[PDB]
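We begin with a single chain expressed as structure tokens, specifically the form deposited in one PDB entry.
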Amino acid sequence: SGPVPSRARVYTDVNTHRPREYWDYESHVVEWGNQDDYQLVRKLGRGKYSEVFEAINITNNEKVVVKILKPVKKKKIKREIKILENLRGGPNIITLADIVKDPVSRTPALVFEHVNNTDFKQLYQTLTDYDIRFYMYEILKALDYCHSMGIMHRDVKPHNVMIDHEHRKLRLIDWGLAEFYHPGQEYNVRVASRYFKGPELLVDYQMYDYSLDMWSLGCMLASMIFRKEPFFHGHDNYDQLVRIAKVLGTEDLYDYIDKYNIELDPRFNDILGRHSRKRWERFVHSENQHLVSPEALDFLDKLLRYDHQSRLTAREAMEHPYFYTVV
């Protein structure tokens, strides 16, 4: 009979109740303004399909970021743009300020709000217990908003979270893998980044939803409270499930596969072996204990679950006792 169908527990039909113009991104007309208003100042990073620069808008002195695009399918760029436009102005969502092109080279570019980021490899080791709770609540505001707007980010990871620590300002960026949620849709599982891929992706369960982002968020939380980055460090997508199984155990993995009638790729039986669950307290030690609390472990336990339906939604997560101390 094939895999058992699934629906999101929250915001299930939000796109169904909107007109085609909202979610049919392939029909969206993109118009490109003139990049001449922007003077490039310095390179900030390289993306999957872009080179990103700090720039200044010469007409009004605003500091921005210009994401200069490499050749990509028109469908992919329309998706990123339409999603950015639909989410523009939402809490902790990066603002797409302009869509432009250099007059001579014709190279297209996206212009964004600038964030003075401290890379996670330097920042995370300095965060206090309160800071982790604060920034986690900020990411949740972005995710509950985008999920309510019918969008899954599908690439939540530290690299995609810009933090201006001095100003306690966070923005979720890199909407290049984001997609509209339509209940019943069988999606491509080649999304997210290895260490942050949910078990639904790793076992090829296509009918996933916003809860994918909540697994990725749990991977980030575990790496921050335990000072173990990344938390699940697989050598490839198959070994990534083994790393997860060595923590969550194989019994619940096989129960998840059975519940959804998932056809498990034959290489898994040899590599998964048999593993009992490792209690979360086993990850606590002298150097991370000040970031751990019963509330942090209970919260993490409700994010890192095989069964995507059993994970906290972003709104349920915001109501968790772990955030009761957050102003």
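Whichever C-alpha set is largest while still superposing within 1.5 Å between the two forms counts as the rigid core. Note that residue numbering begins at 1 and tracks the sequence as displayed.
This protein has a second form, the form solved in complex with a partner chain, left out of what is shown; the following refers to that one.
None of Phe53, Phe299, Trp280, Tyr260 but one reaches within 4.5 angstroms of the partner chain in the bound PDB entry through a heavy atom, and that residue is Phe53. With a 4.5 Å cutoff on heavy atoms, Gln39 counts as touching the partner chain in the bound PDB entry. In the bound PDB entry, the partner chain lies within 4.5 Å of some heavy atom of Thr107. A residue is said to contact a partner when one of its heavy atoms sits within 4.5 Å of a partner heavy atom; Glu251 fails this definition for the partner chain in the bound PDB entry, lying far away. At least one heavy atom of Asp102 is located within 4.5 Å of the partner chain in the bound PDB entry. Residues within 4.5 angstroms of the partner chain in the bound PDB entry, judged by any non-hydrogen atom, belong to 107-115 and to none of the other stretches in 126-134, 143-151, 107-115, 161-169. Put simply, after the core is superposed between the shown form and the other one, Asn117 is the one residue in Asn117, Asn92, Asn160, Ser223 with a Cα shift of at least 2 angstroms. After superposition on the rigid core, the Cα atom of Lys101 is displaced by 2 Å or more between the shown form and the other one. Here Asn261 does not count as shifted, since its C-alpha moves by less than 2 Å between the shown form and the other one after the core is aligned. After superposing the rigid core, the Cα of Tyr49 is displaced by 2 Å or more between the shown form and the other one. The distance between the CA atoms of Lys48 and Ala192 is at least 3 Å longer in the bound PDB entry than in the form shown here.
The pair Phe120 and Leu140 is tighter in the bound PDB entry: their Cα-Cα distance falls by no less than 3 Å compared with this form.
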